[PDB]
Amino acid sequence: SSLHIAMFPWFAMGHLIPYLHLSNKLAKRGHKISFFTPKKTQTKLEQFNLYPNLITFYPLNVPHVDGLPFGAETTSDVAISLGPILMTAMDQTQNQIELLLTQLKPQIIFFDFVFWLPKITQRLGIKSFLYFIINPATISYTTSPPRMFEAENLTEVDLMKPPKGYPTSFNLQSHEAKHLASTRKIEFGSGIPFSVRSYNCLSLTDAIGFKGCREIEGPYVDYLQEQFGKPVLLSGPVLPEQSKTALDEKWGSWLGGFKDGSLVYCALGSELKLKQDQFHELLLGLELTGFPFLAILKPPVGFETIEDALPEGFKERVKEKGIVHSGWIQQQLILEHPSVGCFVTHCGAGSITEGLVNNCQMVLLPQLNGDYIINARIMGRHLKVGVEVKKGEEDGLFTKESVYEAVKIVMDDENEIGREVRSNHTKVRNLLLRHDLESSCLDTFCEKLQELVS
């Protein structure tokens, strides 16, 4: 029998988009989806609803919290330092969430972050499903019970080693472990420290789920299932679905002028601003390769326009071979275009998948975020599908020569490391796109959800 599932993702494009890709996959199999979204954001989401008779949006009013910009709904509307306030706002939707569950009565609700939800759902006879679209390797490394019990004894040297029983080995740099140690105790909404929230979600939910497949994410999902004693499901890799909006002709025309495989595409998401020094090193590094490039970047900290912040003489040198641009673009459609030979990525979970299923060579430039960093290590050192840009051990900064080097290595047909990551990327692409991989992931997924509501 078909299920009725409610979706309550975090207020961010990086969560709304994959939750919507998955809803389309579930509705194709006959399940009804009640999709809770911020009110104004719904306009941007309609293009992705491929089953409007089965997927219904229910808007939420993102309540004012002191310090939150007027009308702000998602992390694309506020600086990264204001994320905790937006979380306080999402906590404050509790009243409209209880009303929606009462009227719609789903059997399951997929959610992020809101650890007060399982109490509500069990009182209504609803099952709570904490559904992550980030890497289970990340949750495993930072939020398994062994880390939580040290409480305030957890320090930078502690986070250079995996927790007890962690299934794989990789090395973090000193500045990365320092990031993890300080950010985990920062309050993220309603006075709750970041890792304590999440741990509460993992502890109190009925079941846990992750984007991913057994062949990549399995070892981490197994570890989490033994640690928390409840089912940890895999949805399959959530392959991007086709939008009902074709590629903007301005970009199609401009991309179409380059020879196949020659363009470097660089994008670091929609949540972060580089510092001006690193903004310059990145762009000068791209220029040094001599390849055409398209860089999708916010203006650096302190600056409001790209043109203000460009290195001196930059526009006059690169001419028509390079564009630096600030707006939201159709990244999935760009990564599909045959001009793109190389993808310089911040290693966000969605961008990782979008790169893996395409032909571009991957250059990994993770920004300061636990999932980004761990994605980059796995991609660079375990799957070996891309080349990571060298950063200073203690300061976390790169040179333009390190950017130039990484792109040159993967674009050089005769370079053996470039050839090796190409071959490894093809192997991973062939697995993710295998005719029965996602379908049999979802087969198991839906069976296990059926068990959950039984």
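For every residue, the number given is its place in the sequence shown, counted from 1.
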Self-check item: Flanks modelled, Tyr131 absent in at least a third of other entries
Solution: no
Quiz item: Counting only other entries that model residues on either side of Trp116, is it left out in at least a third?
Solution: yes
Exercise. Would you mind comparing 414-422 and 385-393 for me and telling me which has the higher average C-alpha temperature factor in the entry?
Key: 414-422
Quiz prompt | Mean C-alpha temperature factor, higher of 343-351 and 70-78 | solution = 70-78
Quiz item: In this PDB entry, which of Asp222, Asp371, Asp277, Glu271 has the top CA B-factor?
Solution: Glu271
Quiz item: From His325, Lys211, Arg123, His337, pick the one with the largest CA B-factor in the entry?
Solution: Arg123
Quiz item: Should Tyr404 be placed in the lowest, middle or highest third of its chain by the C-alpha B factor in the entry?
Solution: lowest
Quiz item: Hey, what third does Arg377 fall into on Cα B-factor, ranked over its chain?
Solution: lowest
Quiz prompt | Cα B factor band for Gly191 (lowest, middle or highest third within the chain) | solution = highest
Quiz prompt | Entry-reported Cα temperature factor of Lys44, expressed as the chain third it lands in | solution = highest
Quiz item: Relative to the other modelled residues in the chain, which third contains the C-alpha temperature factor of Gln361: lowest, middle or highest?
Solution: lowest
